[PDB]
2 protein chains.
Amino acid sequence: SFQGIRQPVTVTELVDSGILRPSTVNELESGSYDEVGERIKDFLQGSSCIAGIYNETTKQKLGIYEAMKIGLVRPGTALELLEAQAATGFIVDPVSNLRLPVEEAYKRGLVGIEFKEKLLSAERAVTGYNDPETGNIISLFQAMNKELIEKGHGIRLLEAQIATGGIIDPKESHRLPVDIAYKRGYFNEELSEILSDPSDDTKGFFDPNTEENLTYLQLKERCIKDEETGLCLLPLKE
Amino acid sequence: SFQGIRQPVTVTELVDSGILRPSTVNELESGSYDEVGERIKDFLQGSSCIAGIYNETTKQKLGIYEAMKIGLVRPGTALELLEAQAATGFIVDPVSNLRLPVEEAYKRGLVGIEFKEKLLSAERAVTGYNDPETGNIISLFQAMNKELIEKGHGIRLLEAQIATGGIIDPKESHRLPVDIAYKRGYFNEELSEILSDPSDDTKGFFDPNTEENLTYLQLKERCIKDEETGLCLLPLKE
């Protein structure tokens, strides 16, 4: 029925997901559909992330890669935002307002050849990883529980997702309330505590201006919204 | 130890609350406290609400009551924002940057004599209502389950709270993760669904500009942040 990150989402799947109320279905059959998917938008694909940069100097908006290609953000911090962009679904171009998978983005010149390989791994936190035994699609979380990636790197991707609608379901392709995420084994309370009560390890992202470390949630709120796009933008200088 | 809405909050109470990790406690004996309460701020008192107004005309920021006293917001919508303010803990003065209980606000001239009685009831969704038989402090939720208030009015206050840190615990005086709120009988999934999938019913609040109905979450994102205060402000005109 509705459009998810990659795959379409069934109306049943969302009601089971604790997203839509049993009544709103009896209202779709004998009702609209462009408004329902408009009321439950943040779950289908998610809310805005740090789409681009906006430097006070020229008053222009820029993608993340373009700004590092011209010296306004060191290659280092560029990777983080472009990873958190991948881990939520799509790479973004504020100028044109495009949202696209790593492969498309690379064709369109929105991301470097040097970054492409890493941005192709952080996107598996969207479409799923693979189980060494069984070859079955498992969650980023289940991938941390089987030791296929560092808890610092994995944790950094989970907060990018939680700060833009909730943790994603690999199989169903959409955002999920924290409780359902717990029921389906894709997150837990031990992890919520690490974000609510951050430490010096969980300071994954770096703020260019104030030059300090913080969480996606924290950095994201340091951003300004755009009117014709809505995409949150990180203000910079020089 | 930490400061809550009204009452102080024990370090045990927060760990039980699924808020602080068991390690951060043993790390309170070993070097801070002004930073811990700075990492878990949104729960202690909460995030910003719609504190005031900002009219494009004069470029000034105003409290909600002052704007209706000069004609820039009809008495009707004034009540909504001043109720949602009460139901989150404190009434707000963007100009001076004060946060205060209804009683103090009324002395200070931030709210009218006509509104005082209603703003004194919506604050019970903060400090608790009273159970007829046994006269014990019950949750706003429990007050809805015993028919002491309309589900439309009660629902409108729960979304004001959820959009600013989470539902509040009357007894403990702080915000709570949705799952704990469920465990303690202060919310449920049947209610999350009404917010995630909102209707013409759960549209409680009115936007003066676009002139339409929406949820606190939606209206709040239509707001701009302030630099010296951080309080979200609702932009208007005339």
# chains A, B, ... in the order shown; residues from 1 in each chain; ligands from 1
call {"tool": "closest_atom_pairs", "arguments": {"of": "chain A", "to": "chain B", "cutoff": "10 Å", "atoms": "only C-alpha atoms", "output": "CSV"}}
result
residue,atom,partner,partner_atom,distance
A:15,CA,B:193,CA,9.0
A:17,CA,B:193,CA,9.9
A:18,CA,B:193,CA,6.4
A:19,CA,B:193,CA,5.6
A:20,CA,B:197,CA,5.5
A:21,CA,B:193,CA,5.6
A:22,CA,B:193,CA,9.2
A:24,CA,B:197,CA,8.1
A:36,CA,B:197,CA,7.8
A:37,CA,B:197,CA,9.5
A:38,CA,B:197,CA,9.7
A:39,CA,B:197,CA,6.1
A:40,CA,B:197,CA,6.1
A:41,CA,B:196,CA,9.5
A:42,CA,B:196,CA,9.1
A:43,CA,B:196,CA,8.9
A:177,CA,B:192,CA,9.0
A:178,CA,B:179,CA,8.0
A:179,CA,B:179,CA,6.3
A:182,CA,B:179,CA,9.7
A:189,CA,B:18,CA,6.9
A:190,CA,B:21,CA,7.5
A:191,CA,B:21,CA,9.3
A:192,CA,B:19,CA,7.8
A:193,CA,B:19,CA,5.6
A:194,CA,B:21,CA,7.0
A:195,CA,B:19,CA,9.3
A:196,CA,B:40,CA,6.3
A:197,CA,B:20,CA,5.7
A:198,CA,B:39,CA,6.5
A:199,CA,B:39,CA,8.6
A:221,CA,B:225,CA,9.6
A:222,CA,B:225,CA,10.0
A:224,CA,B:224,CA,8.8
A:225,CA,B:224,CA,8.8
call {"tool": "residues_around", "arguments": {"residues": "segment 123-140 of chain A", "least_positions_apart": "3", "cutoff": "7 Å", "atoms": "only C-alpha atoms", "output": "list in words"}}
result
residues 86, 87, 88, 89, 119, 120, 143, 144, 168, 170 and 186 of chain A
call {"tool": "write_last_selection", "arguments": {"atoms": "C-alpha atoms", "output": "mmCIF file, in the first residue's frame"}}
result
data_model
loop_
_atom_site.group_PDB
_atom_site.id
_atom_site.type_symbol
_atom_site.label_atom_id
_atom_site.label_comp_id
_atom_site.auth_asym_id
_atom_site.auth_seq_id
_atom_site.Cartn_x
_atom_site.Cartn_y
_atom_site.Cartn_z
ATOM 1 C CA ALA A 86 23.137 6.521 4.471
ATOM 2 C CA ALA A 87 21.991 4.842 7.703
ATOM 3 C CA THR A 88 18.644 6.628 7.470
ATOM 4 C CA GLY A 89 17.936 5.736 3.854
ATOM 5 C CA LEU A 119 28.682 4.542 2.434
ATOM 6 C CA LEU A 120 27.683 1.136 0.955
ATOM 7 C CA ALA A 143 24.828 -7.474 13.957
ATOM 8 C CA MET A 144 26.241 -5.841 17.068
ATOM 9 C CA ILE A 168 14.345 1.028 11.104
ATOM 10 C CA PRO A 170 15.270 -4.185 7.739
ATOM 11 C CA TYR A 186 15.963 -4.739 17.100
#
call {"tool": "closest_residue", "arguments": {"among": "B:148, B:78, B:105, B:92", "to": "residue 61 of chain B", "atoms": "only C-alpha atoms"}}
result
B:92
call {"tool": "select_by_dssp", "arguments": {"residues": "segment 52-204 of chain A", "states": "strand (DSSP E or B)", "output": "PyMOL selection string"}}
result
chain A and resi 52-55+60-62+91-93+98-100+129-130+137-138+167-169+174-176+204
call {"tool": "write_last_selection", "arguments": {"atoms": "N, CA and C atoms", "output": "PDB file, in the first residue's frame"}}
result
ATOM      1  N   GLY A  52      22.394  19.182   4.515  1.00  0.00           N
ATOM      2  CA  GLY A  52      23.518  19.891   3.945  1.00  0.00           C
ATOM      3  C   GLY A  52      24.120  20.920   4.863  1.00  0.00           C
ATOM      4  N   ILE A  53      24.899  21.816   4.277  1.00  0.00           N
ATOM      5  CA  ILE A  53      25.541  22.879   5.024  1.00  0.00           C
ATOM      6  C   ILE A  53      25.007  24.213   4.501  1.00  0.00           C
ATOM      7  N   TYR A  54      25.174  25.272   5.297  1.00  0.00           N
ATOM      8  CA  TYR A  54      24.762  26.643   4.946  1.00  0.00           C
ATOM      9  C   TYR A  54      25.796  27.599   5.537  1.00  0.00           C
ATOM     10  N   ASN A  55      26.669  28.157   4.710  1.00  0.00           N
ATOM     11  CA  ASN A  55      27.674  29.038   5.268  1.00  0.00           C
ATOM     12  C   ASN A  55      27.249  30.475   5.203  1.00  0.00           C
ATOM     13  N   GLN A  60      24.701  30.594   0.809  1.00  0.00           N
ATOM     14  CA  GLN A  60      24.317  29.498  -0.060  1.00  0.00           C
ATOM     15  C   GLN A  60      24.192  28.198   0.707  1.00  0.00           C
ATOM     16  N   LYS A  61      23.404  27.269   0.173  1.00  0.00           N
ATOM     17  CA  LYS A  61      23.218  25.965   0.801  1.00  0.00           C
ATOM     18  C   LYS A  61      24.050  24.947   0.012  1.00  0.00           C
ATOM     19  N   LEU A  62      24.705  24.025   0.705  1.00  0.00           N
ATOM     20  CA  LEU A  62      25.538  23.047   0.022  1.00  0.00           C
ATOM     21  C   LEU A  62      25.392  21.628   0.526  1.00  0.00           C
ATOM     22  N   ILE A  91      20.931   9.683   0.517  1.00  0.00           N
ATOM     23  CA  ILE A  91      21.935  10.737   0.483  1.00  0.00           C
ATOM     24  C   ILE A  91      21.186  11.957  -0.008  1.00  0.00           C
ATOM     25  N   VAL A  92      21.498  13.128   0.528  1.00  0.00           N
ATOM     26  CA  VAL A  92      20.744  14.305   0.135  1.00  0.00           C
ATOM     27  C   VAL A  92      21.454  15.462  -0.554  1.00  0.00           C
ATOM     28  N   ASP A  93      20.721  16.135  -1.445  1.00  0.00           N
ATOM     29  CA  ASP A  93      21.196  17.314  -2.183  1.00  0.00           C
ATOM     30  C   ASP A  93      20.214  18.456  -1.941  1.00  0.00           C
ATOM     31  N   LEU A  98      17.154  16.422  -3.738  1.00  0.00           N
ATOM     32  CA  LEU A  98      17.093  15.014  -4.083  1.00  0.00           C
ATOM     33  C   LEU A  98      17.464  14.114  -2.924  1.00  0.00           C
ATOM     34  N   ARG A  99      16.781  12.983  -2.866  1.00  0.00           N
ATOM     35  CA  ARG A  99      16.994  11.975  -1.838  1.00  0.00           C
ATOM     36  C   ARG A  99      17.275  10.731  -2.664  1.00  0.00           C
ATOM     37  N   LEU A 100      18.421  10.094  -2.443  1.00  0.00           N
ATOM     38  CA  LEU A 100      18.767   8.939  -3.247  1.00  0.00           C
ATOM     39  C   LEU A 100      19.744   7.934  -2.632  1.00  0.00           C
ATOM     40  N   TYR A 129      21.924  -6.654   7.179  1.00  0.00           N
ATOM     41  CA  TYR A 129      23.237  -7.288   7.063  1.00  0.00           C
ATOM     42  C   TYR A 129      22.983  -8.759   6.776  1.00  0.00           C
ATOM     43  N   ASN A 130      24.033  -9.571   6.731  1.00  0.00           N
ATOM     44  CA  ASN A 130      23.826 -10.988   6.490  1.00  0.00           C
ATOM     45  C   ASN A 130      24.416 -11.839   7.580  1.00  0.00           C
ATOM     46  N   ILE A 137      18.888 -12.082   6.511  1.00  0.00           N
ATOM     47  CA  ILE A 137      18.857 -10.654   6.823  1.00  0.00           C
ATOM     48  C   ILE A 137      18.630 -10.416   8.330  1.00  0.00           C
ATOM     49  N   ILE A 138      19.638  -9.862   9.014  1.00  0.00           N
ATOM     50  CA  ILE A 138      19.534  -9.541  10.442  1.00  0.00           C
ATOM     51  C   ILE A 138      19.648  -8.027  10.650  1.00  0.00           C
ATOM     52  N   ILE A 167      14.162   3.547  15.187  1.00  0.00           N
ATOM     53  CA  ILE A 167      15.023   2.556  14.547  1.00  0.00           C
ATOM     54  C   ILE A 167      14.243   1.916  13.384  1.00  0.00           C
ATOM     55  N   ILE A 168      14.952   1.599  12.304  1.00  0.00           N
ATOM     56  CA  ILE A 168      14.345   1.028  11.104  1.00  0.00           C
ATOM     57  C   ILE A 168      14.245  -0.489  11.130  1.00  0.00           C
ATOM     58  N   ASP A 169      13.229  -1.025  10.465  1.00  0.00           N
ATOM     59  CA  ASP A 169      13.071  -2.470  10.388  1.00  0.00           C
ATOM     60  C   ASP A 169      13.613  -2.861   9.030  1.00  0.00           C
ATOM     61  N   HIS A 174      10.639   0.491   7.375  1.00  0.00           N
ATOM     62  CA  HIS A 174      10.013   1.684   7.930  1.00  0.00           C
ATOM     63  C   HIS A 174      10.421   1.886   9.373  1.00  0.00           C
ATOM     64  N   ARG A 175      10.051   3.031   9.934  1.00  0.00           N
ATOM     65  CA  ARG A 175      10.398   3.356  11.309  1.00  0.00           C
ATOM     66  C   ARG A 175       9.471   2.630  12.274  1.00  0.00           C
ATOM     67  N   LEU A 176       9.964   2.400  13.489  1.00  0.00           N
ATOM     68  CA  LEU A 176       9.217   1.667  14.506  1.00  0.00           C
ATOM     69  C   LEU A 176       9.249   2.278  15.898  1.00  0.00           C
ATOM     70  N   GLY A 204      30.097  10.466  19.138  1.00  0.00           N
ATOM     71  CA  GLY A 204      30.385  10.299  17.729  1.00  0.00           C
ATOM     72  C   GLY A 204      30.567  11.473  16.790  1.00  0.00           C
TER      73      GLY A 204
END
call {"tool": "closest_residue", "arguments": {"among": "A:73, A:149, A:223, A:82", "to": "residue 118 of chain A", "atoms": "only C-alpha atoms"}}
result
A:82
call {"tool": "atom_distance", "arguments": {"atom1": "atom CA of residue 165 of chain B", "atom2": "atom CA of residue 219 of chain B"}}
result
15.9 Å
call {"tool": "closest_residue", "arguments": {"among": "B:66, B:83, B:226, B:29", "to": "residue 161 of chain B", "atoms": "only C-alpha atoms"}}
result
B:83
call {"tool": "select_by_dssp", "arguments": {"residues": "segment 6-232 of chain B", "states": "alpha helix (DSSP H)", "output": "PyMOL selection string"}}
result
chain B and resi 11-16+22-29+36-39+41-44+64-68+75-86+102-107+124-127+140-144+151-162+178-183+189-196+216-221
call {"tool": "decode", "arguments": {"residues": "segment 88-223 of chain B", "atoms": "C-alpha atoms", "output": "PDB file, in the first residue's frame"}}
result
ATOM      1  CA  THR B  88       4.279  20.613  30.985  1.00  0.00           C
ATOM      2  CA  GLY B  89       5.191  22.368  34.238  1.00  0.00           C
ATOM      3  CA  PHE B  90       5.689  26.129  33.886  1.00  0.00           C
ATOM      4  CA  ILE B  91       4.241  29.232  32.253  1.00  0.00           C
ATOM      5  CA  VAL B  92       6.803  31.100  30.157  1.00  0.00           C
ATOM      6  CA  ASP B  93       8.063  34.683  29.603  1.00  0.00           C
ATOM      7  CA  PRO B  94      10.375  34.731  26.531  1.00  0.00           C
ATOM      8  CA  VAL B  95      11.303  38.385  27.103  1.00  0.00           C
ATOM      9  CA  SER B  96      12.720  37.881  30.583  1.00  0.00           C
ATOM     10  CA  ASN B  97      13.189  34.087  30.187  1.00  0.00           C
ATOM     11  CA  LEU B  98      11.208  33.006  33.225  1.00  0.00           C
ATOM     12  CA  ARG B  99       9.580  29.653  33.825  1.00  0.00           C
ATOM     13  CA  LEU B 100       7.072  29.612  36.680  1.00  0.00           C
ATOM     14  CA  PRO B 101       4.050  27.901  38.314  1.00  0.00           C
ATOM     15  CA  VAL B 102       0.593  29.247  37.642  1.00  0.00           C
ATOM     16  CA  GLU B 103       0.390  30.975  41.049  1.00  0.00           C
ATOM     17  CA  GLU B 104       3.669  32.892  40.600  1.00  0.00           C
ATOM     18  CA  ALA B 105       2.870  33.702  36.945  1.00  0.00           C
ATOM     19  CA  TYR B 106      -0.426  35.318  37.992  1.00  0.00           C
ATOM     20  CA  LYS B 107       1.323  37.566  40.523  1.00  0.00           C
ATOM     21  CA  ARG B 108       3.895  38.573  37.943  1.00  0.00           C
ATOM     22  CA  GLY B 109       1.263  39.501  35.301  1.00  0.00           C
ATOM     23  CA  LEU B 110       2.032  36.818  32.719  1.00  0.00           C
ATOM     24  CA  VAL B 111      -1.507  35.393  32.721  1.00  0.00           C
ATOM     25  CA  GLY B 112      -4.997  36.887  33.124  1.00  0.00           C
ATOM     26  CA  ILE B 113      -7.406  36.688  36.045  1.00  0.00           C
ATOM     27  CA  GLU B 114      -9.928  35.101  33.730  1.00  0.00           C
ATOM     28  CA  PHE B 115      -7.587  32.251  32.784  1.00  0.00           C
ATOM     29  CA  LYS B 116      -6.073  31.487  36.253  1.00  0.00           C
ATOM     30  CA  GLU B 117      -8.763  28.963  37.314  1.00  0.00           C
ATOM     31  CA  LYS B 118      -8.390  26.754  34.200  1.00  0.00           C
ATOM     32  CA  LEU B 119      -4.595  26.984  34.179  1.00  0.00           C
ATOM     33  CA  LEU B 120      -4.806  25.669  37.765  1.00  0.00           C
ATOM     34  CA  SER B 121      -6.496  22.463  36.550  1.00  0.00           C
ATOM     35  CA  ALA B 122      -4.239  21.712  33.602  1.00  0.00           C
ATOM     36  CA  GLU B 123      -1.274  21.800  36.000  1.00  0.00           C
ATOM     37  CA  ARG B 124      -2.750  18.781  37.778  1.00  0.00           C
ATOM     38  CA  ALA B 125      -1.483  16.784  34.824  1.00  0.00           C
ATOM     39  CA  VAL B 126       1.886  17.720  36.381  1.00  0.00           C
ATOM     40  CA  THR B 127       1.347  17.370  40.133  1.00  0.00           C
ATOM     41  CA  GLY B 128      -1.528  14.863  40.020  1.00  0.00           C
ATOM     42  CA  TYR B 129      -5.288  14.660  40.383  1.00  0.00           C
ATOM     43  CA  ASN B 130      -7.166  13.154  43.327  1.00  0.00           C
ATOM     44  CA  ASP B 131      -8.970   9.788  43.284  1.00  0.00           C
ATOM     45  CA  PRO B 132     -12.493  10.272  44.791  1.00  0.00           C
ATOM     46  CA  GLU B 133     -12.347   7.164  47.006  1.00  0.00           C
ATOM     47  CA  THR B 134      -8.998   6.934  48.896  1.00  0.00           C
ATOM     48  CA  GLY B 135      -8.002  10.425  47.749  1.00  0.00           C
ATOM     49  CA  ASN B 136      -4.723   9.314  46.308  1.00  0.00           C
ATOM     50  CA  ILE B 137      -2.632  11.100  43.668  1.00  0.00           C
ATOM     51  CA  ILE B 138      -3.474   9.494  40.283  1.00  0.00           C
ATOM     52  CA  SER B 139      -2.109  10.142  36.783  1.00  0.00           C
ATOM     53  CA  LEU B 140      -3.868  12.240  34.141  1.00  0.00           C
ATOM     54  CA  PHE B 141      -4.198   8.941  32.311  1.00  0.00           C
ATOM     55  CA  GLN B 142      -5.840   7.288  35.346  1.00  0.00           C
ATOM     56  CA  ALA B 143      -8.100  10.359  35.518  1.00  0.00           C
ATOM     57  CA  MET B 144      -9.224   9.627  31.968  1.00  0.00           C
ATOM     58  CA  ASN B 145      -9.906   5.943  32.874  1.00  0.00           C
ATOM     59  CA  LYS B 146     -12.179   6.962  35.794  1.00  0.00           C
ATOM     60  CA  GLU B 147     -14.049   9.594  33.793  1.00  0.00           C
ATOM     61  CA  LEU B 148     -12.944  12.784  35.584  1.00  0.00           C
ATOM     62  CA  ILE B 149     -12.285  14.667  32.277  1.00  0.00           C
ATOM     63  CA  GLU B 150     -13.074  14.536  28.512  1.00  0.00           C
ATOM     64  CA  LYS B 151     -10.739  12.412  26.383  1.00  0.00           C
ATOM     65  CA  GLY B 152     -10.412  15.344  24.019  1.00  0.00           C
ATOM     66  CA  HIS B 153      -9.161  17.722  26.679  1.00  0.00           C
ATOM     67  CA  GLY B 154      -7.012  15.031  28.324  1.00  0.00           C
ATOM     68  CA  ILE B 155      -5.643  13.875  24.992  1.00  0.00           C
ATOM     69  CA  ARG B 156      -4.663  17.462  24.133  1.00  0.00           C
ATOM     70  CA  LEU B 157      -2.526  17.652  27.272  1.00  0.00           C
ATOM     71  CA  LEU B 158      -0.828  14.281  26.804  1.00  0.00           C
ATOM     72  CA  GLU B 159       0.471  15.326  23.384  1.00  0.00           C
ATOM     73  CA  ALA B 160       1.812  18.607  24.805  1.00  0.00           C
ATOM     74  CA  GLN B 161       3.836  16.492  27.259  1.00  0.00           C
ATOM     75  CA  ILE B 162       4.945  13.779  24.796  1.00  0.00           C
ATOM     76  CA  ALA B 163       6.255  16.491  22.413  1.00  0.00           C
ATOM     77  CA  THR B 164       8.465  17.951  25.140  1.00  0.00           C
ATOM     78  CA  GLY B 165      10.258  14.964  26.727  1.00  0.00           C
ATOM     79  CA  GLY B 166       7.645  12.284  27.442  1.00  0.00           C
ATOM     80  CA  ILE B 167       4.643  11.785  29.706  1.00  0.00           C
ATOM     81  CA  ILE B 168       5.216  13.079  33.260  1.00  0.00           C
ATOM     82  CA  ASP B 169       5.144  11.012  36.469  1.00  0.00           C
ATOM     83  CA  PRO B 170       2.986  12.865  39.066  1.00  0.00           C
ATOM     84  CA  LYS B 171       4.667  11.073  41.966  1.00  0.00           C
ATOM     85  CA  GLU B 172       8.309  11.171  40.817  1.00  0.00           C
ATOM     86  CA  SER B 173       8.163  14.576  39.027  1.00  0.00           C
ATOM     87  CA  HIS B 174      10.056  13.998  35.742  1.00  0.00           C
ATOM     88  CA  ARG B 175       9.692  12.701  32.161  1.00  0.00           C
ATOM     89  CA  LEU B 176       9.482   8.964  31.452  1.00  0.00           C
ATOM     90  CA  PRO B 177      10.385   6.733  28.492  1.00  0.00           C
ATOM     91  CA  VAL B 178       7.172   5.537  26.833  1.00  0.00           C
ATOM     92  CA  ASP B 179       7.800   1.906  27.922  1.00  0.00           C
ATOM     93  CA  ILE B 180       8.152   2.802  31.613  1.00  0.00           C
ATOM     94  CA  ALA B 181       5.086   4.990  31.313  1.00  0.00           C
ATOM     95  CA  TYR B 182       3.304   1.800  30.138  1.00  0.00           C
ATOM     96  CA  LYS B 183       4.779  -0.312  32.940  1.00  0.00           C
ATOM     97  CA  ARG B 184       3.595   2.136  35.589  1.00  0.00           C
ATOM     98  CA  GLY B 185       0.072   2.523  34.144  1.00  0.00           C
ATOM     99  CA  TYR B 186       0.407   6.130  32.976  1.00  0.00           C
ATOM    100  CA  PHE B 187      -0.098   5.587  29.226  1.00  0.00           C
ATOM    101  CA  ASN B 188      -0.656   2.728  26.762  1.00  0.00           C
ATOM    102  CA  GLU B 189      -0.331   1.763  23.084  1.00  0.00           C
ATOM    103  CA  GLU B 190      -3.968   2.571  22.278  1.00  0.00           C
ATOM    104  CA  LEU B 191      -2.972   6.167  22.991  1.00  0.00           C
ATOM    105  CA  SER B 192       0.296   6.206  21.035  1.00  0.00           C
ATOM    106  CA  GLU B 193      -1.707   5.192  17.987  1.00  0.00           C
ATOM    107  CA  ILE B 194      -4.021   8.185  18.371  1.00  0.00           C
ATOM    108  CA  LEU B 195      -1.004  10.502  18.167  1.00  0.00           C
ATOM    109  CA  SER B 196       1.020   8.690  15.483  1.00  0.00           C
ATOM    110  CA  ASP B 197      -2.126   8.376  13.384  1.00  0.00           C
ATOM    111  CA  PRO B 198      -3.886  11.644  14.344  1.00  0.00           C
ATOM    112  CA  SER B 199      -7.398  12.684  13.190  1.00  0.00           C
ATOM    113  CA  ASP B 200      -9.789  15.674  12.987  1.00  0.00           C
ATOM    114  CA  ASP B 201     -10.340  14.899  16.649  1.00  0.00           C
ATOM    115  CA  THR B 202      -6.699  14.964  17.855  1.00  0.00           C
ATOM    116  CA  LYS B 203      -6.114  18.314  16.025  1.00  0.00           C
ATOM    117  CA  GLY B 204      -6.666  20.264  19.256  1.00  0.00           C
ATOM    118  CA  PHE B 205      -4.371  23.208  18.459  1.00  0.00           C
ATOM    119  CA  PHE B 206      -4.876  26.015  15.955  1.00  0.00           C
ATOM    120  CA  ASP B 207      -2.241  27.683  13.751  1.00  0.00           C
ATOM    121  CA  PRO B 208      -2.908  31.481  13.477  1.00  0.00           C
ATOM    122  CA  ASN B 209      -0.943  31.894  10.208  1.00  0.00           C
ATOM    123  CA  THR B 210      -2.022  29.060   7.887  1.00  0.00           C
ATOM    124  CA  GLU B 211      -5.243  28.908   9.902  1.00  0.00           C
ATOM    125  CA  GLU B 212      -5.607  25.183  10.343  1.00  0.00           C
ATOM    126  CA  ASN B 213      -5.735  22.487  13.036  1.00  0.00           C
ATOM    127  CA  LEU B 214      -2.892  20.231  14.211  1.00  0.00           C
ATOM    128  CA  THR B 215      -1.106  18.379  17.060  1.00  0.00           C
ATOM    129  CA  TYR B 216       1.310  20.060  19.475  1.00  0.00           C
ATOM    130  CA  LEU B 217       4.128  18.185  17.712  1.00  0.00           C
ATOM    131  CA  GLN B 218       3.113  19.635  14.337  1.00  0.00           C
ATOM    132  CA  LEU B 219       2.495  23.201  15.545  1.00  0.00           C
ATOM    133  CA  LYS B 220       5.768  23.139  17.539  1.00  0.00           C
ATOM    134  CA  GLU B 221       7.851  22.309  14.448  1.00  0.00           C
ATOM    135  CA  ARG B 222       6.225  25.270  12.726  1.00  0.00           C
ATOM    136  CA  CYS B 223       8.116  27.353  15.318  1.00  0.00           C
TER     137      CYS B 223
END
